[PDB]
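Single-structure report; data block below.
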Amino acid sequence: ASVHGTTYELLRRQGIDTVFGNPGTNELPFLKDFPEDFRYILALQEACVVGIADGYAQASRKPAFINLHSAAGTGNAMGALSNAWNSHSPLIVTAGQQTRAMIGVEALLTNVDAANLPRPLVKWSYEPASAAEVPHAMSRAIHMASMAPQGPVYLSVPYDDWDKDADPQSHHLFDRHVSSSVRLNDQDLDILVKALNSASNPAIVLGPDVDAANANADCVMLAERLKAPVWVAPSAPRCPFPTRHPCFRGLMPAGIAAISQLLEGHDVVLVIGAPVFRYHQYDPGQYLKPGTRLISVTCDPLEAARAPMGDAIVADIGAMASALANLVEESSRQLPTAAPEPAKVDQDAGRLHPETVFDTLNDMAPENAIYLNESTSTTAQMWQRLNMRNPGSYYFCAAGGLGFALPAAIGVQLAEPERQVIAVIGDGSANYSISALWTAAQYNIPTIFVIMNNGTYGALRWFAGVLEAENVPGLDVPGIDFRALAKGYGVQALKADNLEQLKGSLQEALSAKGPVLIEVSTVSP
Amino acid sequence: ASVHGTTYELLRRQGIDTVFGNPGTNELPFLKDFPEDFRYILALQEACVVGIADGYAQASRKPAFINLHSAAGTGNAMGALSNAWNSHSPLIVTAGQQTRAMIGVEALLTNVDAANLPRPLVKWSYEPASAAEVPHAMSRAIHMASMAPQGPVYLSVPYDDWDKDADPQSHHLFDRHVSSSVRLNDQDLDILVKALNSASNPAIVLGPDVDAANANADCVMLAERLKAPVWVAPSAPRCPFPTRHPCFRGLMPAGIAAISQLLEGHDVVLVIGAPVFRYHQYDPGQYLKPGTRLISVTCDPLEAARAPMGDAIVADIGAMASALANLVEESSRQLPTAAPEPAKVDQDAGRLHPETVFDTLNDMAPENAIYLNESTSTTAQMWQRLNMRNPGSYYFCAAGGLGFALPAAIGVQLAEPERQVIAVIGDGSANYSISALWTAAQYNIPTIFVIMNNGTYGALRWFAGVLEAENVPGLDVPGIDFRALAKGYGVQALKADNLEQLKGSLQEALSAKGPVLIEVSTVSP
Amino acid sequence: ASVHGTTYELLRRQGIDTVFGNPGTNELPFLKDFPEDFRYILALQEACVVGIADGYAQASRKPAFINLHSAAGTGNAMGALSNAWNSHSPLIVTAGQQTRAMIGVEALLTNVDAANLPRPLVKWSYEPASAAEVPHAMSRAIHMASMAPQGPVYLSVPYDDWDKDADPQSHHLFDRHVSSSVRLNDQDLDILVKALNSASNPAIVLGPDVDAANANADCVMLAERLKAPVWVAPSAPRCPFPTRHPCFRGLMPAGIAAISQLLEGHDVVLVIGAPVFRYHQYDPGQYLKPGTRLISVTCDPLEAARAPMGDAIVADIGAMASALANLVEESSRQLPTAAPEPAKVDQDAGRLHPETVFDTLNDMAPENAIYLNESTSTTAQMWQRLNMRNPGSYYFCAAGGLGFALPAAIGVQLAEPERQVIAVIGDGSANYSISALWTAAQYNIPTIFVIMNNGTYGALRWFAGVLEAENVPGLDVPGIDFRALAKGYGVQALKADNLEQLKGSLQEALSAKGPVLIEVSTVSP
Ligand SMILES: Cc1ncc(C[n+]2csc(CCOP(=O)(O)OP(=O)(O)O)c2C)c(N)n1
Ligand SMILES: Cc1ncc(C[n+]2csc(CCOP(=O)(O)OP(=O)(O)O)c2C)c(N)n1
Ligand SMILES: Cc1ncc(C[n+]2csc(CCOP(=O)(O)OP(=O)(O)O)c2C)c(N)n1
Ligand SMILES: [Ca+2]
Ligand SMILES: [Ca+2]
Ligand SMILES: [Ca+2]
Ligand SMILES: [Ca+2]
Ligand SMILES: [Ca+2]
Ligand SMILES: [Ca+2]
Ligand SMILES: [Cl-]
Ligand SMILES: [Cl-]
Ligand SMILES: [Cl-]
Ligand SMILES: [Mg+2]
Ligand SMILES: [Mg+2]
């Protein structure tokens with residue numbers, strides 16, 4: 001067998017059937033004779049390729065396979081990899097290298113010092129020392145991406161390797177099964193359970209790895225048993241809990257002092273599937289107030305090591321959430337009372353308040369909608385105004401890197417064909433990966449894109465206020481016609497200048513058979 | 001509090017009380033006002049410092065703390081770090097950096113691009129961005145070294161940081177407890193147990209992480225229950241099983257074909273705490289023969305990813321060995337029969353056969369002796385001839401890097417003051433870290449060093465035979481007087497030119513109150 | 001032709017005829033059939049191998065070729081590479097890698113992520129992607145080490161590559177000639193010359209790259225023409241000027257304030273072949289005083305970029321020194337007056353003052369002696385007391401990394417068989433690379449080693465005073481018998497407890513036919 005044949009067999013035997021890519025010369029010998037049971041999803045720039053693959057992996061809860069062109073293609077994707085690292089996305093990033101005989105001279109298309117290029121944003125990065133090693137190296141890539149803590153990996157392959165003879169012993173790779181589905185030993189788990197049972201006022205904080213693990217329902221059971229309020233850890237990349245459940249308390253402010261104040265009076269704070277903590281603004285103070293102790297369950301040693309406070313347990317989130325939910329006592333305390341509905345913001349017949357947009361989405365969208373957020377100044381109101389009952393209902397660029405939501409929404413929609421995806425994206429953010437729209441059109445992936453157009457980088461105006469910064473250039477983005485951009489890439493386009501038009505546009509978008517972009521005129525901050 | 005005071009408090013609160021070091025200017029502000037509850041162990045070169053710390057960590061089963069001088073000191077230790085990486089040794093390597101104000105100009109003693117220096121031989125490598133961050137960075141170093149899979153880490157600290165004010169919020173670091181003591185979830189563990197119970201001819205292969213976990217006794221119980229032969233995985237850095245137990249089958253040959261042949265007819269091979277596999281010689285063939293399947297339990301994702309065959313489970317070795325030993329059925333198969341005693345090699349009144357040396361050590365040493373091996377051509381015979389009943393009884397440079405055993409034997413002896421340490425070291429290997437002898441003398445650490453003097457790099461002569469290599473230079477090391485070297489560093493020295501003298505020298509060494517070096521004249525290969 | 005044959009032909013055609021090494025399994029296929037026109041110089045540990053090669057390269061003013069064993073051997077040499085980086089030593093460091101078929105599994109002896117291991121201490125680091133690329137990669141290594149600014153490079157080669165067929169087109173590599181012998185363009189050189197001619201009180205500062213370029217005599221002519229005082233830049237790795245020439249003003253103090261004070265009143269300061277500046281102690285103040293401007297000529301862009309003051313010209317030191325010496329006007333100012341002889345320090349009949357040792361060396365050594373310095377507390381007095389008339393007469397560890405002088409003195413002596421090498425090494429420093437002594441004995445390289453034995457790390461005691469550091473551990477090194485260590489490695493040993501014995505020992509050492517170690521009892525600091 002050839003390295004080509006053996007590698008595709010390994011991929012299919014490990015559950016991979018889709019290649020997200022933008023092709024190039026070094027990759028042609030990999031992509032030729034493309035297997036009929038695989039699909040290839042083309043995107044027009046590599047940030048888009050990786051964003052789409054990332055949304056697909058996160059929603060599908062399995063690895064996604066990517067093929068990029070050498071150094072330039074890999075480089076175009078590195079902002080996307082920054083998000084993927086923070087979301088623990090299992091991405092297998094492959095890139096083609098020059099033919100081995102031309103690497104030394106650094107011919108055009110040579111990826112120099114290739115394994116170092118995507119560092120430090122990958123778990124593992126490698127170029128094999130021979131063609132026959134390629135299937136083994138691919139096996140390593142698959143498992144490194146897939147083992148807890150999941151994350152992106154990188155494999156560079158010289159283009160002449162694919163036609164070479166494979167090692168017959170590579171067949172042992174095909175059906176390898178690697179598990180990291182582990183939980184704390186019985187003795188120490190009993191100690192933890194006792195501590196939870198004995199807490200007088202426990203609180204629970206959940207991060208993105210809960211949703212990645214589909215541990216949401218177990219966390220609901222855990223919170224109900226403990227009669228404990230539940231927050232989402234700050235800078236949330238996913239939604240780990242039903243947002244109208246009586247225990248839900250919303251998104252934590254991303255500040256040191258704000259969080260310790262919030263947790264004051266809680267004797268035991270159990271954090272599951274989150275870093276401790278992904279702060280954002282500089283809000284100095286106490287990490288925790290006296291009387292509060294913290295226990296973190298995380299899938300990631302790097303998270304456990306860097307937490308500035310608390311104990312930690314490094315284990316699988318799914319396994320730990322299930323064990324805890326089933327072992328803790330039913331507390332006789334009263335179940336927390338549900339948060340009140342948010343207020344309706346006054347809205348005239350002109351430009352839309354973001355609050356109005358979210359209220360209307362919540363009114364009109366199906367109960368199993370999936371939202372993405374890259375509308376950076378409106379995140380708090382989005383979290384308060386969307387009822388998200390189900391797992392996998394929310395995605396936000398995990399490293400804050402813009403250019404995620406537009407392509408990721410296409411990948412999520414591909415992963416979840418029966419759940420309507422609605423990406424709410426600011427006018428500034430929409431540009432970073434604008435060309436991703438084309439992929440939705442070409443493959444008829446019916447994502448809805450809601451562009452919040454206020455003409456400015458609103459979040460930067462806000463932070464400029466906080467940091468007390470005057471005379472900052474480059475904050476405004478006037479003169480972009482998003483309907484024309486959508487037309488450019490073949491996506492149906494609508495425009496909503498007021499509430500009447502917003503409702504009409506959403507009605508038409510929800511009924512449409514393909515992707516739709518709605519440009520919404522929102523109020524200037 | 002100062003960064004100095006806070007950092008030493010963090011260290012003591014995390015169980016660290018010993019600094020292995022070779023000092024320099026950048027480190028003086030760290031070492032000044034050295035706490036009276038700490039000890040400092042000086043060695044004369046950094047390979048020695050790290051080797052001693054490594055032996056101490058491996059034997060004590062806890063992290064060891066190291067302080068080296070900038071880039072040059074760190075660099076002198078990098079061969080030692082290669083071994084530490086392969087043995088999963090929890091080493092906290094700190095090095096001093098120039099004062100922050102002189103880093104930019106690259107004053108003498110500036111460690112340039114410091115975090116990159118020890119890569120790729122460390123789990124984590126870092127230089128903090130401010131003085132107040134130092135205690136937090138130290139906390140990260142402690143936990144990164146200590147979490148499974150354990151390994152060396154590196155922290156560089158500008159010398160002016162120590163006197164600066166610490167963050168009062170650093171107190172939250174002091175008592176953090178981080179656990180990776182995890183095992184496979186119940187459902188999947190039950191599946192594994194069933195597979196073991198159902199095997200018709202199981203075999204067990206154990207690696208160094210079994211001994212690191214003190215999982216030895218549980219593995220004995222597991223092997224007895226399953227009535228299974230037990231091998232030690234190739235290139236063994238530690239001994240994970242009693243070598244005269246009836247199930248014991250010895251050290252596996254470090255070859256692909258040799259191992260698959262050995263395992264032929266075994267339907268399920270359970271590997272615990274080893275890479276799959278640390279082959280050495282190139283011995284191409286089948287990874288496994290038809291009819292054999294392999295299941296690996298490893299603490300290290302990198303091991304699970306790169307195994308060319310078998311299933312894998314990434315979990316704590318102690319927790320997994322205990323669970324398996326206690327859950328499996330008692331097989332009604334007959335317990336394996338003990339291996340026969342090795343033959344006595346004919347020995348005249350002249351130079352010693354290595355076999356004679358090992359037989360005599362086995363005859364005379366206490367039953368709780370601890371051996372180290374850096375006699376590279378005699379490893380197979382050492383493994384056959386020493387009865388090692390207890391855990392922690394054997395160490396061999398895990399990456400094959402010479403210069404380990406001499407200093408490590410001093411660290412092991414420091415860790416285990418009641419167990420006589422006997423390091424068996426070739427004349428070639430003895431030189432790499434010869435200056436370590438001084439530390440044994442100065443602190444009166446009563447390690448016994450047995451130098452196997454055959455005048456040559458014997459293992460290289462052997463491999464030259466295998467690789468069919470003629471006219472190779474640099475294979476002979478004549479003209480070294482090891483008694484004089486020992487005298488040079490203050491260690492009592494004896495010489496054994498024949499068996500009578502070997503017995504006499506061992507009797508005197510075993511009775512001595514300090515370290516002793518015995519130069520043994522061994523037969524040329 | 002084989003890769004082996006082609007690579008050795010490339011080496012000999014590029015002037016390389018000596019391999020400094022410590023062998024291992026991965027290197028056997030390189031070292032087999034070792035060519036009869038090459039020599040192999042064995043050392044017992046890799047810091048020693050590289051130190052010897054480094055001294056040889058620096059003294060010979062040509063590249064030296066090194067062969068080390070995989071990661072562990074490379075790692076043992078990394079402290080040595082820290083010095084080599086700072087001295088711009090042209091070192092070609094090769095290391096053997098596992099056979100390509102066993103790299104993926106990480107068999108014992110695999111150098112993982114090999115090219116990253118010696119970073120950041122090398123100019124170029126590489127592992128070829130195929131056997132046929134090896135000669136080209138070696139060509140790159142040769143030229144990268146040899147081009148200005150010279151420095152160490154690293155090449156890792158899988159052991160199975162050597163027997164493979166070479167590319168016939170590799171013959172084009174054999175006679176390539178690469179020049180960096182460049183100087184500033186005529187127009188701008190005329191401007192510089194004018195500025196020098198017009199200076200009212202110029203000063204000259206010279207660094208190690210002057211001696212590396214053998215630009216010493218041209219700098220003498222330049223200083224005489226300009227009637228300018230000449231200093232050696234701080235932390236000096238080499239001696240660039242005759243130390244009794246009337247213009248010579250000695251070694252600059254390694255402090256910011258000290259240097260600006262020294263240069264006060266000098267209107268133009270011309271620095272040649274030095275970083276600006278290799279400060280050591282933290283001595284904050286003005287980089288230059290008002291009225292002083294600085295012009296640096298350096299072979300190294302990294303030096304030009306990081307200088308905190310002055311203009312810079314990046315060019316070949318030999319070419320620039322020659323051009324300047326021949327173009328500047330003869331100033332009518334009076335030639336500077338020679339520094340007075342240093343005072344004789346009172347000396348009783350007991351332990352030796354370092355000053356006495358240097359005065360006696362100066363009295364007795366040949367006028368073409370070559371000195372090395374690793375006696376860290378006595379550097380200032382050494383510089384004042386040794387008349388060094390000739391180029392290539394002084395070496396000091398360029399990064400301050402101890403373990404340089406002992407092996408480097410052997411390499412220097414090998415390079416300069418007619419010039420008596422005398423290495424003055426502290427008792428502390430002597431241990432780092434003590435095993436290097438064996439190489440001097442084996443090859444009968446008649447280096448003289450003068451061990452300054454004061455029982456302590458004296459320089460650290462001094463800096464502890466400056467940094468105001470009390471209760472520092474690990475500063476004393478009692479109980480080392482250097483005569484026994486020398487005997488251990490086959491080197492004739494003498495001991496000097498007083499001046500009478502020092503003179504007698506030096507007389508015997510200077511007359512000896514082999515290497516000699518003299519242990520000198522020096523006064524405690
Ligand atoms: C790739 C990238 N570039 C720049 C930024 C910085 N950034 C953060 S928020 C923001 C503004 C985004 O504006 P928009 O999408 O219109 O949303 P708004 O803030 O107006 O709600 C920018 C530019 C970033 N996070 N990522
Ligand atoms: C730091 C380092 N340098 C070189 C080697 C290569 N090497 C492997 S075995 C060996 C010979 C050791 O000789 P000795 O200790 O006398 O034992 P013998 O082989 O004679 O039994 C050498 C040099 C190595 N493994 N590590
Ligand atoms: C590899 C390395 N380790 C540690 C140091 C720090 N250091 C600088 S000077 C010094 C003392 C050397 O003592 P010795 O050679 O006896 O000379 P003395 O200072 O007594 O004159 C030390 C340990 C260093 N520069 N390099
Ligand atoms: Ca509503
Ligand atoms: Ca906006
Ligand atoms: Ca016996
Ligand atoms: Ca030997
Ligand atoms: Ca004199
Ligand atoms: Ca000294
Ligand atoms: Cl358990
Ligand atoms: Cl479970
Ligand atoms: Cl010109
Ligand atoms: Mg990079
Ligand atoms: Mg490195």
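Numbering starts fresh at 1 for the residues of each chain in the structure tokens, the chains themselves are lettered A, B, ... in the order given, and ligands are numbered from 1 as they appear.
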
Excluding residue 421 (chain B) and its own-chain neighbours fewer than 4 positions away, which residues fall within 9 Å of it when counting only C-alpha atoms? Please give them as a PyMOL selection string. chain B and resi 369-372+393+409-410+412-413+416-417+446-449

Given only C-alpha atoms and all ligand atoms, how would the per-residue table for chain C near ligand 3 read, listing every residue at most 8 Å away with its closest atom pair and distance in Å to one decimal, sorted by chain and number, as a Markdown table?
```
| residue | atom | partner | partner_atom_place_in_ligand_line | distance |
| --- | --- | --- | --- | --- |
| C:79 | CA | ligand 3 | 1 (C) | 6.5 |
| C:374 | CA | ligand 3 | 15 (O) | 6.0 |
| C:375 | CA | ligand 3 | 17 (O) | 4.3 |
| C:376 | CA | ligand 3 | 21 (O) | 4.1 |
| C:377 | CA | ligand 3 | 21 (O) | 3.6 |
| C:378 | CA | ligand 3 | 21 (O) | 5.6 |
| C:399 | CA | ligand 3 | 25 (N) | 8.0 |
| C:400 | CA | ligand 3 | 25 (N) | 4.9 |
| C:401 | CA | ligand 3 | 26 (N) | 3.9 |
| C:402 | CA | ligand 3 | 26 (N) | 4.0 |
| C:403 | CA | ligand 3 | 1 (C) | 6.3 |
| C:425 | CA | ligand 3 | 15 (O) | 6.0 |
| C:426 | CA | ligand 3 | 15 (O) | 3.3 |
| C:427 | CA | ligand 3 | 16 (O) | 4.1 |
| C:428 | CA | ligand 3 | 16 (O) | 3.4 |
| C:429 | CA | ligand 3 | 15 (O) | 3.5 |
| C:430 | CA | ligand 3 | 15 (O) | 6.3 |
| C:432 | CA | ligand 3 | 1 (C) | 6.9 |
| C:452 | CA | ligand 3 | 16 (O) | 7.0 |
| C:453 | CA | ligand 3 | 16 (O) | 6.8 |
| C:454 | CA | ligand 3 | 20 (O) | 6.2 |
| C:455 | CA | ligand 3 | 16 (O) | 6.9 |
| C:456 | CA | ligand 3 | 20 (O) | 5.3 |
| C:457 | CA | ligand 3 | 13 (O) | 3.7 |
| C:458 | CA | ligand 3 | 20 (O) | 3.4 |
| C:459 | CA | ligand 3 | 19 (O) | 3.6 |
| C:460 | CA | ligand 3 | 10 (C) | 5.7 |
| C:461 | CA | ligand 3 | 19 (O) | 7.8 |
| C:475 | CA | ligand 3 | 23 (C) | 7.7 |
| C:477 | CA | ligand 3 | 16 (O) | 7.9 |
| C:525 | CA | ligand 3 | 20 (O) | 7.9 |
```

May I have the selected residues written with N, CA and C atoms, as a compact mmCIF listing (two decimals), in the first residue's frame?
```txt
# COMPACT_ATOMS: atom_id res chain seq x y z
N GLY C 79 26.62 24.17 28.28
CA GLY C 79 27.35 25.22 28.98
C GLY C 79 28.55 25.68 28.16
N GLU C 374 40.84 31.20 34.33
CA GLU C 374 39.58 30.84 34.98
C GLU C 374 39.80 30.86 36.49
N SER C 375 40.46 31.93 36.93
CA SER C 375 40.72 32.21 38.33
C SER C 375 39.94 33.50 38.58
N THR C 376 38.67 33.35 38.95
CA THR C 376 37.71 34.43 38.77
C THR C 376 37.87 35.66 39.65
N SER C 377 38.52 35.51 40.80
CA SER C 377 38.72 36.64 41.70
C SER C 377 40.03 37.40 41.44
N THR C 378 40.83 36.95 40.48
CA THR C 378 42.17 37.52 40.29
C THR C 378 42.40 38.13 38.90
N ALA C 399 31.26 33.77 28.12
CA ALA C 399 29.97 33.94 28.78
C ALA C 399 30.12 33.82 30.29
N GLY C 400 31.36 33.75 30.76
CA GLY C 400 31.60 33.55 32.18
C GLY C 400 31.35 32.13 32.65
N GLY C 401 31.13 31.21 31.71
CA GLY C 401 30.80 29.84 32.07
C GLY C 401 32.03 29.04 32.44
N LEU C 402 32.10 28.62 33.70
CA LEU C 402 33.26 27.87 34.17
C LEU C 402 33.29 26.48 33.56
N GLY C 403 34.49 25.92 33.45
CA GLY C 403 34.68 24.67 32.74
C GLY C 403 35.24 24.88 31.34
N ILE C 425 43.85 28.59 36.75
CA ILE C 425 42.49 28.13 37.00
C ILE C 425 42.26 28.02 38.49
N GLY C 426 41.17 28.59 38.99
CA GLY C 426 40.87 28.50 40.41
C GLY C 426 40.52 27.08 40.83
N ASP C 427 40.65 26.79 42.12
CA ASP C 427 40.28 25.47 42.62
C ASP C 427 38.81 25.12 42.38
N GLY C 428 37.94 26.12 42.43
CA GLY C 428 36.53 25.89 42.15
C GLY C 428 36.33 25.55 40.69
N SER C 429 36.84 26.41 39.82
CA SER C 429 36.68 26.24 38.37
C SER C 429 37.28 24.94 37.83
N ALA C 430 38.37 24.48 38.46
CA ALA C 430 39.09 23.31 37.97
C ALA C 430 38.20 22.07 37.88
N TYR C 432 34.91 21.73 37.06
CA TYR C 432 33.80 21.65 36.11
C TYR C 432 34.12 20.71 34.96
N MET C 452 44.97 27.64 41.27
CA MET C 452 45.04 28.62 42.35
C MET C 452 44.14 28.13 43.48
N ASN C 453 44.73 27.50 44.49
CA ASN C 453 43.92 26.87 45.52
C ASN C 453 43.77 27.72 46.77
N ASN C 454 42.63 28.39 46.89
CA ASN C 454 42.31 29.15 48.10
C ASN C 454 41.12 28.58 48.87
N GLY C 455 40.63 27.42 48.45
CA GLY C 455 39.61 26.69 49.18
C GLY C 455 38.19 27.21 49.07
N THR C 456 37.98 28.22 48.24
CA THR C 456 36.68 28.87 48.21
C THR C 456 36.34 29.39 46.83
N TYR C 457 35.06 29.66 46.61
CA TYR C 457 34.61 30.38 45.43
C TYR C 457 34.80 31.87 45.71
N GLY C 458 36.03 32.36 45.57
CA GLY C 458 36.38 33.70 46.01
C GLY C 458 35.60 34.83 45.38
N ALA C 459 35.35 34.74 44.08
CA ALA C 459 34.61 35.79 43.39
C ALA C 459 33.18 35.91 43.93
N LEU C 460 32.60 34.79 44.33
CA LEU C 460 31.25 34.81 44.89
C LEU C 460 31.24 35.45 46.27
N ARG C 461 32.29 35.21 47.05
CA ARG C 461 32.42 35.92 48.31
C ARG C 461 32.49 37.42 48.08
N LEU C 475 29.60 28.25 49.34
CA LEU C 475 30.68 29.08 48.81
C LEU C 475 32.07 28.48 48.99
N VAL C 477 34.86 25.21 48.97
CA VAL C 477 35.17 23.95 48.29
C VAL C 477 36.41 23.28 48.89
N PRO C 525 40.78 34.84 50.44
CA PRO C 525 40.20 36.18 50.29
C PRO C 525 39.30 36.53 51.47
```

Counting only C-alpha atoms and all ligand atoms, give me one row per residue of chain A with an atom at most 7 Å from an atom of ligand 10, showing the shortest contact pair and its distance in Å to one decimal, sorted by chain then residue number, as JSON lines.
```
{"residue": "A:185", "atom": "CA", "partner": "ligand 10", "partner_atom_place_in_ligand_line": "1 (Cl)", "distance": 3.8}
{"residue": "A:186", "atom": "CA", "partner": "ligand 10", "partner_atom_place_in_ligand_line": "1 (Cl)", "distance": 4.1}
{"residue": "A:187", "atom": "CA", "partner": "ligand 10", "partner_atom_place_in_ligand_line": "1 (Cl)", "distance": 6.6}
```

Could you save those same residues with C-alpha atoms as a PDB file, in the first residue's frame?
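Listed below is the output, selection-v5.pdb:
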```pdb
ATOM      1  CA  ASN A 185      -9.704   7.732  42.851  1.00  0.00           C
ATOM      2  CA  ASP A 186     -12.466   6.497  45.190  1.00  0.00           C
ATOM      3  CA  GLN A 187     -10.859   7.558  48.469  1.00  0.00           C
TER       4      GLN A 187
END
```

Just list as an MDAnalysis selection string whatever in region 42-262 of chain B DSSP marks as strand (DSSP E or B). chainID B and resid 42 64:69 91:97 124:126 153:158 165 178:179 182:184 203:206 230:232 238 248:251

Tell me, as an MDAnalysis selection string, which residues lie within 8 Å of region 82-94 of chain B, counting only C-alpha atoms; anything in the same chain fewer than 3 positions away does not count. (chainID B and resid 53:54 57:58 62:68 78:79 121:122 141:142 145:146 149:157 208:209 237 397:401 404) or (chainID C and resid 71:72 75)

Let me make sure I understand: among A:45, A:347, A:110, A:2, which one has the smallest atom-to-atom distance to chain C if we use only C-alpha atoms?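 For chain C, the nearest of the candidates is A:110.
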
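Interface residues on chain C toward chain A (cut-off 10 Å, only C-alpha atoms): residues 99, 100, 101, 102, 103, 104, 105, 113, 115, 116, 125, 126, 127, 128, 129, 130, 131, 132, 133, 134, 136, 137, 140, 158 and 167 of chain C.
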
Identify, on the basis of only C-alpha atoms, every residue whose closest approach to residue 190 (chain A) does not exceed 12 Å; exclude the query and any residue fewer than 4 positions from it along the same chain; express the result as a VMD selection string. chain A and resid 183 to 186 194 to 197 323 to 324 326 to 329

Ligand 6: which residues are within 10 Å, counting only C-alpha atoms and all ligand atoms? Reply as a PDB file with C-alpha atoms, in the first residue's frame.
```pdb
ATOM      1  CA  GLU B 341      19.196 -19.312  39.086  1.00  0.00           C
ATOM      2  CA  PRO B 342      21.781 -18.074  36.617  1.00  0.00           C
ATOM      3  CA  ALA B 343      24.845 -20.223  36.011  1.00  0.00           C
ATOM      4  CA  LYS B 344      28.171 -19.503  37.675  1.00  0.00           C
ATOM      5  CA  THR B 356      31.366 -12.793  39.124  1.00  0.00           C
ATOM      6  CA  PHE B 358      27.251  -9.321  40.295  1.00  0.00           C
ATOM      7  CA  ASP B 359      27.103 -12.747  41.950  1.00  0.00           C
ATOM      8  CA  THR B 360      29.379 -11.485  44.720  1.00  0.00           C
ATOM      9  CA  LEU B 361      27.374  -8.289  45.204  1.00  0.00           C
ATOM     10  CA  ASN B 362      24.247 -10.419  45.454  1.00  0.00           C
ATOM     11  CA  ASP B 363      25.946 -12.683  48.021  1.00  0.00           C
ATOM     12  CA  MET B 364      27.229  -9.867  50.227  1.00  0.00           C
ATOM     13  CA  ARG B 385      22.096 -11.822  38.956  1.00  0.00           C
ATOM     14  CA  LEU B 386      20.794  -9.352  41.532  1.00  0.00           C
ATOM     15  CA  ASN B 387      17.878 -10.382  43.722  1.00  0.00           C
TER      16      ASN B 387
END
```

Per-residue nearest contacts of chain B to ligand 14 (7 Å; only C-alpha atoms and all ligand atoms) as a Markdown table:
```
| residue | atom | partner | partner_atom_place_in_ligand_line | distance |
| --- | --- | --- | --- | --- |
| B:116 | CA | ligand 14 | 1 (Mg) | 5.0 |
| B:117 | CA | ligand 14 | 1 (Mg) | 3.7 |
| B:118 | CA | ligand 14 | 1 (Mg) | 4.6 |
| B:119 | CA | ligand 14 | 1 (Mg) | 4.2 |
| B:120 | CA | ligand 14 | 1 (Mg) | 6.1 |
```

Would you kindly return, as a PyMOL selection string, each protein, DNA or RNA residue with an atom no farther than 8 Å from any atom of residue 316 (chain C), considering only C-alpha atoms and excluding same-chain residues fewer than 3 positions away? chain C and resi 148+180-183+298-299+319-320

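Here the helix (DSSP H, G or I) residues in region 220-291 of chain A, by DSSP on the backbone, are residues 220, 221, 222, 223, 224, 225, 226, 256, 257, 258, 259, 260, 261, 262 and 263 of chain A.
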